[PDB]
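Chains as they are written, first to last, in the authors' numbering: chain L, 10 to 49; chain R, 9 to 188; chain V, 6 to 325; chain Y, 3 to 329; chain X, 57 to 203; chain U, 661 to 711; chain W, 2 to 108, 128 to 258; chain A, 2 to 175; chain P, 336 to 549, 573 to 580; chain G, 15 to 125. Data first, discussion second: the structure below is written as structure tokens.
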Amino acid sequence: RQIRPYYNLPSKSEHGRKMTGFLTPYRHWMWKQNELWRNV
Amino acid sequence: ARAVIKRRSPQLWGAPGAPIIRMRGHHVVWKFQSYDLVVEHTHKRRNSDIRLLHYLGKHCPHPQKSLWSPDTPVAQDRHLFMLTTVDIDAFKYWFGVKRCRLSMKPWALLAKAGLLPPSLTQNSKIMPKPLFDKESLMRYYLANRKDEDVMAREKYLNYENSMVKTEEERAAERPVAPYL
Amino acid sequence: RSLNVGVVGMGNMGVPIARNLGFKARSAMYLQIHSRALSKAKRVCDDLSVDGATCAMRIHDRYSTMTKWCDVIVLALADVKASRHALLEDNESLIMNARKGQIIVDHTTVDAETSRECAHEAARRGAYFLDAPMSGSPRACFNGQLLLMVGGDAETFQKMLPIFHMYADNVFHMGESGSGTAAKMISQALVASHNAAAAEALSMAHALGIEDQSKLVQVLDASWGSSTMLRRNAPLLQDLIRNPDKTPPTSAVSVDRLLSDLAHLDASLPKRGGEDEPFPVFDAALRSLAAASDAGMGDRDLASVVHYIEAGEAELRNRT
Amino acid sequence: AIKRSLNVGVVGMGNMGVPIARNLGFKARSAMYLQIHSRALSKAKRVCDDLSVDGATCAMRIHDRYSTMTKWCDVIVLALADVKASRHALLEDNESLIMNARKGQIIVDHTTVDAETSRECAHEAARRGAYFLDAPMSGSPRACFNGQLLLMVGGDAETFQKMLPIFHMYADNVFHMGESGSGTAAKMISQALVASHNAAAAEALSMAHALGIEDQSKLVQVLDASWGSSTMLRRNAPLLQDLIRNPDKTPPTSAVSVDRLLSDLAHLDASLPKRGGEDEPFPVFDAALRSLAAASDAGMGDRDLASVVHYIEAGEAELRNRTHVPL
Amino acid sequence: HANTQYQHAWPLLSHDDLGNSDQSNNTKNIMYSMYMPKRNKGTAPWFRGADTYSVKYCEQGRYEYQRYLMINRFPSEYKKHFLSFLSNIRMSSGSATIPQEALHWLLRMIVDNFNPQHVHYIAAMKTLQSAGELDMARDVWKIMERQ
Amino acid sequence: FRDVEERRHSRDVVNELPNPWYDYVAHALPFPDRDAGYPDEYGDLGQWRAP
Amino acid sequence: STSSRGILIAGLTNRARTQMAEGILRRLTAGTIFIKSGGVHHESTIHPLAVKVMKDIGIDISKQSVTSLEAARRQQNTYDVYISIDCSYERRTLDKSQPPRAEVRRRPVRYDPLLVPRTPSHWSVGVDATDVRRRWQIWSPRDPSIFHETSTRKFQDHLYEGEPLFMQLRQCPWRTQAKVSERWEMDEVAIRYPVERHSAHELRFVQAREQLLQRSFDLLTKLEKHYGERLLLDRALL
Amino acid sequence: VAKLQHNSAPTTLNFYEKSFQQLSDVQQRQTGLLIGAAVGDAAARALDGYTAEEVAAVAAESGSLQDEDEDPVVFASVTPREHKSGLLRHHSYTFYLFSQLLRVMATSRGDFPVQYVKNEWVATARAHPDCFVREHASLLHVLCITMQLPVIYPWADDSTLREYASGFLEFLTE
Amino acid sequence: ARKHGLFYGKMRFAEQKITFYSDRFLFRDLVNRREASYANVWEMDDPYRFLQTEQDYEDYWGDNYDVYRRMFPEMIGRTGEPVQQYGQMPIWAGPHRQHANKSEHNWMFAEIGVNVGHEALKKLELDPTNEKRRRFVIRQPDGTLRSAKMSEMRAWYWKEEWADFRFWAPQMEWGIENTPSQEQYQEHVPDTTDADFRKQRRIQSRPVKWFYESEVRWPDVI
Amino acid sequence: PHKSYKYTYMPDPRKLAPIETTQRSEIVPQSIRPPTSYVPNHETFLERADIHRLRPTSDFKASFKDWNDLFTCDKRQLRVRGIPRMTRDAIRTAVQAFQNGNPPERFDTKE
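Written out as structure tokens, the structure is:
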């Protein structure tokens, strides 16, 4: 399951989902750190 | 891939998916519950008359007392036993050759069995996850970098054949008698 | 917005709760302080300076100003007469005239009649009143550990629980208003009873000739006769019994405080009968405490009753 | 002078004697021969049969005569109901254990007894050459089944050290108070504290009902948080609350009975030193005694200790009448 | 709650409930297996409690029970199987197949009751030589000779 | 991680013993190597379907 | 008088370390604070080396007794201080017959501190090996509901019915309800290693005694700060 | 027979204590050869290199016996004068080679040529150069290495054992 | 053990077997086995020589004789098999996962499969000298991987509930009428040049660390 | 009964064989993470975890006394307290994620 943290990019749309898959640069960096630990 | 999908049990790809090893449970009360470590497709083949590709073993969740305490006693002999069966040759065939998937409960059980290392989810709260630093990692690699030929031989023995004949074996294989 | 919470009754007990509230902060809560003195206002100002502007504190000495500014008001007053003066007797006060929907809480040990009158007047005016007497020490309340015997409206208690937890560790709501005061009275009565019982038991032990007093205390605390009062007062009582010449040492909580607390219980409990003697053990404990207090040892400690254990029987014989 | 197992005997299959024997049988990994004495052999048969069916790890032997019990057991433990039975079994019978004791036997009586009886028993055991311990047990039979009892042993320190592995099979808190009779004195003190705290808890819940507090759990919580916590109060809060709410209800029976508590306190009073014509003026203790006596004078002596709440005022009225008689 | 289920154990040399005893001849003893119900739906605790098998079972050598059976197939099936085995043998050892697999497939072809053709042997040897497995090529030649 | 673990394992002497579950594959043929008795090739009482 | 509702010292055996800690605390506080030392397993006696090494300091612990903390579990919210004396899990052994194992080494091998974090100290312990309590259960075959063949109240499938007085271990996650709670990581000094000498065992007891004294001083400093009272009275052990 | 349970006395003192009963007499002797060799080497490792008078001095110095401790000479707690790295702290180079040969024998499951252990032995020699020159091609060293060869077949006669051990001794003295 | 209200019987024979009078070879086998068998075995006889000390004597003859005799039918010079512990596979996760293999219970695993689980081959499958022996493992609550005892291994097969109090193997006849011959074993003609599976198994067993060094010679230091 | 046999009813020796127990707390302890700035109190923690309509955690904020009570609470304790199955499962999962190092930061999907 792909996590959707509250601090992601909010899509101000009344016709679809209220949150977007775009993430802050910190989330990208943190995700890489978790990726490295699973790579082990 | 369906008009109205099965919301209560979806999957990731089409049917029948890749083989996956999982502990199929029965539909009985908890008191007499037991699991079957079996390999089956990603989508359950409950429709057809053939449900599983292979039967690996059976696991009993309820611990039983040591019925062999009067035998030769060792350390922690009198603790409760959790009896379980596991096929080894079939597991290794499906895991290495066929490259089947693996769930988390079978992974933990095989970690206990010693076939596989402890699972990804078998994490304690004592220590958090490691933090990686590229410069430190590169420094450690430079400090401890293995030889090219040594690493090649190690991976060749691990992956290709490990039954490599020596010079003595080759000489013994070579005919020496009058060649007929 | 954020709740406007005011504190009235600055003192050795009033200051720590406001200090803890300011330290916790976590919002823009406005704290109005009823200092009634420029020195106390300056104390609030330097406390704010030490805290580092965690909460906005404004000192005002008008009950009307507190009513119109603070949605929630807390009272920490030493004496019940002062509590009555500041809550009901005053022309402005808090319960008598206040904005509807305003929460008023008092931690002062008040009698059941006073609590019932406060609740009735608060209902008449349209405000919510709940009584939460405090159990603990000034050090305990500074550290953030108090036992609040909360009693009043359930929804108001649930609303106030996060505020109470900013300066208390254990919070309990016993149904309705006045039950907190009743629980505190029962707690003080049991404290006195256990103190007298422990003193008499150790006197009996000494008379029988028990040497290993530490082992005796361990046995008593492991048996059914275990009590926190005994486990606390065992060494001092043992020393007093071993050498009766020594005067009891001065302590923070003492027989005068216990008598003042039990006076509220005596007033609150219906005095119907009297000759019936509904509570002999409590009566004997009160007699011994009063004799120990009025015979000089009025401010030393609760262990002073070991030398006046016979006073309960003596007073009973004199009266009867 | 041969190598064998210890002959451990238990005398008295009452209410507390059965859990002790069951614990010994279960936790003795064939390290002792368990002798069980009974006045009626049917009780011993029943106890041994139940232990065997439940699964016992040590062989057992039933007895109905103190002479056979003495000739067999190397260590004897007596768990009786009252003081008269213990005195008869130890000193008065022709086959009395202490009088017929062998040089080296260890006799431990867990029954609560009086100071004079304990002193005479210890003196007779010392004269015979055996070893005697008075270890008044504390706790309910369910607590003895759980093994979390309380023992206050007075007597020989070496004997206590030797008997420790047997005590731990049914008691976790064992305290070697000191010389002989110290366990009896500690038991008297504990019983007096228990009675005083029971009276205090009953009065506290009565005044709680009078004031209007309509919940006992929310009161015991704050009491335990504060300094007014007491084991008797915690144990008796619900029953006392129910009895106060409905006076018509008759308090139930329990192992700790009003009659037994009164007997123990009477032993304590008898062993209490006097100051001449007048006794020691303990107000709280006297009030508890009067209330318990009033409760027992209503046929409630065999019921639970919580019955004192209904007779607080009965004791007060009796005291007022007795004081007005000479006035 | 009294003991009404257990009973005292049978003493040594005791007699049966039917008078049977293991003394002298068994003629006085009477068999009772014919009074039991003929078929039990389940397994009694005394059902086949202690049975033994022939010593030949544990003394046999490996693969000494396989009788030679002639499994005949259609000629088209023979062609299909030969082509499939040849393709598997000639599968390249790029990244997922180790060179041992050619020898494994030749052995599998023999085990599945087939006669490896000269094209199969040539392909196995050439693949092993292209992978550098001279010992495995010698093993393929030994397999051909042993066939 | 791999290098540290391998160094620790090599230095450790308790875990140098072979593990039969981890070291080898026992039997990889589709059929057992010894005759356990089955099959029967005959029916029994009450079995009408034979073969 | 004091304002402390009691101190509990929790061990797995209550043989040497807990007894020494209780003696040191009582000596330092002059017996003004009620201290109860108990262990989960009470089937043991006070160690002669422990009492000897405490007499070598001036504390007589021979008068104490090996007890369990069941009375403390019955009224645990009453007590104020809860100190659990336990061994480190990195060095802990279960057979109780071997010397403790080596722990994780940070910068044999040394692990990177970032790749192997050091269990942050600002956290708190929820449950410990010493937080367990005993639980005795008996499945008597005399009960027909257990004697019934299709009964789940038995660890045996076919051998027999019931189970004679088996013991389990519950847990008490109530250590955080106390006003002060601490854990002391010290190696066990009650048992003897296969080749241990008497002098070496005595030295281990001395080291454990020094560690207990330092931890007791720190704990009493913390308690004095907490209560505002004067607990370090007998300052003659420096 | 049986004693009252107290102080939580462990049931077994070692993992194989009750397992050693599960061997025949000859199997017990076979295992005893190797295990006694290991125990003696580990017990004498502490005073390795010490002289007779130094051992006597150690025994005299540790003259405070409590009637249950082992002899001070055996498993002595003296400070190490060698400070080896990972394995020779508890044993010697000779026992290192002995253990390597034992492991090779166990993995061979019967008789085996010396080439199965040549590489392990030369790797150990390279890892410990000082020990190799110190104790190479000596009678004590080769004897301690080859002591375990008759464990392969205890019923073998002298001629067979010598013929089998000739190959090992040739490489040991090469 | 006798239940209340239930009548019991006695098994005349342990199993349904063929009598030895039916064939002349069965008769000879039985008379030879009876010759090698004790008429009455006692505590001091040869089969009970594995009880060296009084601890073994008391353990075998007290409170556990039933299980000790039901462990194995024939009387051998022991009661079970020695237990040896295995080595843990390295875990690249490091100390982040060393705790996961410890639990509160003994985790017992037994191999099953096509070649394993045959009741008729229990002796040969549990023979320790079998290269294809059935694999058992036990993970203790402290993470130790050990083997299984004889009783633990036999618990997975159908129970055998008989015992032998007479036959003792070392007393078997040899020389007269009993002479195992090398010719009978060599009639199979085991040839290493013909079949090389034996060499393959030997190569699998022998170490492989020589491969990283690419004649073996001692180091030279001067 | 017989006067010559110990254990007159002859129980199986495995019946008298003892049982040993070892709690999981001895294997590994449970640490409690102190509250952080994102979740200063258990009310805030429950509000953050309240992201699903069917399992509202915020409705039971008053049930938990404090942070220690919330993090030491068991599922059996929750069932005793009277918290419905889905909500208590969500609360336990959020607590376990926080213990493993994942704060309850997600998207509220109710709207």
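Yeah, the Cβ is synthetic: ideal placement off N, Cα and C, and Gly gets one too.
Whether residue i touches residue j by CB criterion (9 Å)
i, j, result
"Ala188/Y", "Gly156/Y", "yes"
"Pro408/P", "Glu495/P", "yes"
"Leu144/A", "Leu162/A", "no"
"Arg237/V", "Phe35/W", "yes"
"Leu329/Y", "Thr113/V", "no"
"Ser98/V", "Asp136/V", "no"
"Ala117/Y", "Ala272/Y", "yes"
"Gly12/W", "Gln44/G", "no"
Whole-angstrom C-beta distance between residue j and residue i, which should lie under 8 Å
i, j, result
"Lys5/Y", "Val2/A", "7 Å"
"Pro254/V", "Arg292/V", "Rounded, the Cβ-Cβ distance is 23 Å, inconsistent with contact."
8 Å Cβ cut-off: residues of chain D touching residue i
i, result
"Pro14/L", "The structure shown contains no chain D; its protein chains are L, R, V, Y, X, U, W, A, P and G."
Q: Mind checking the region 98-116 of chain G against chain V and listing, in chain order, the residues whose C-beta falls within less than 9 Å of any C-beta there?
A: none
Q: Any chance you could list the alpha helix (DSSP H) runs of at least 4 consecutive residues sitting entirely within the region 135-188 of chain V, in chain order?
A: 143-148 and 159-169
Q.
Runs of 4 residues minimum, wholly inside the region 227-262 of chain V: which ones carry the alpha helix (DSSP H) assignment?
A. 233-247
Q. Closer than 8 Å, Cβ to any Cβ of chain W: which residues of the region 385-417 of chain P, in chain order?
A. none
Q: Assess, as a yes-or-no matter, whether the region 12-29 of chain V is touched by the region 42-52 of chain V under the definition of 3 or more beta carbon pairs within less than 8 Å.
A: yes
Q: Taking only beta carbons into account, state which residues of the region 512-543 of chain P come closer than 7 Å to chain A, listed in chain order.
A: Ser540, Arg541 and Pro542
Q: Using a Cβ-Cβ cut-off of less than 9 Å, give me the residues of the region 24-45 of chain G that come near chain R, in sequence order.
A: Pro27, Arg28, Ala31, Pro32, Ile33, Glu34, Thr35, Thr36, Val42, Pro43, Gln44 and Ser45
Q. Given a limit of 8 Å on CB to CB distance, which residues of the region 128-140 of chain R reach chain X?
A. none
Q. Are at least three pairs of beta-carbons, each pair with one atom in the region 184-202 of chain V and one in the region 185-200 of chain Y, less than 8 Å apart?
A. yes
Q: Please list the segments of the alpha helix (DSSP H) lying wholly inside the region 70-152 of chain X, counting only runs of 4 or more residues, in order along the chain.
A: 111-115 and 131-146
Q: Run through the region 425-467 of chain P for me and flag every whole alpha helix (DSSP H) of 4 or more residues, listed as ranges in chain order.
A: 457-460
Q: May I have a chain-ordered list of the beta strand (DSSP E) segments no shorter than 3 residues that lie completely inside the region 28-52 of chain G?
A: 44-46
Q. Taking Cβ-Cβ distances below 8 Å as the criterion, which residues of the region 418-429 of chain P are in contact with chain W?
A. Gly429
Q: Name, going along the chain, the residues of the region 48-82 of chain R whose beta-carbon falls closer than 9 Å to a beta-carbon of chain G.
A: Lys73, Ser74, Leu75, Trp76, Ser77 and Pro78
Q: Would you list, in sequence order, the uninterrupted beta strand (DSSP E) runs of no fewer than 3 residues that lie entirely inside the region 89-116 of chain R?
A: 89-95
Q) Do three or more CB pairs link the region 405-421 of chain P to the region 14-27 of chain A at distances below 8 Å? A) yes
Q | Near-chain X residues of the region 481-514 of chain P - C-beta to any C-beta below 7 Å | A | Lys494, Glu495, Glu496 and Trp497
Q: Report the residue ranges of all alpha helix (DSSP H) runs contained in full by the region 207-242 of chain W; include only those spanning at least 4 residues, in chain order.
A: none
Q) What are the residues of the region 85-108 of chain R that lie near chain P, defined by any Cβ-Cβ distance shorter than 7 Å? A) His87, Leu88, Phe89, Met90, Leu91, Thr92, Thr93, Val94, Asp95, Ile96, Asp97 and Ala98
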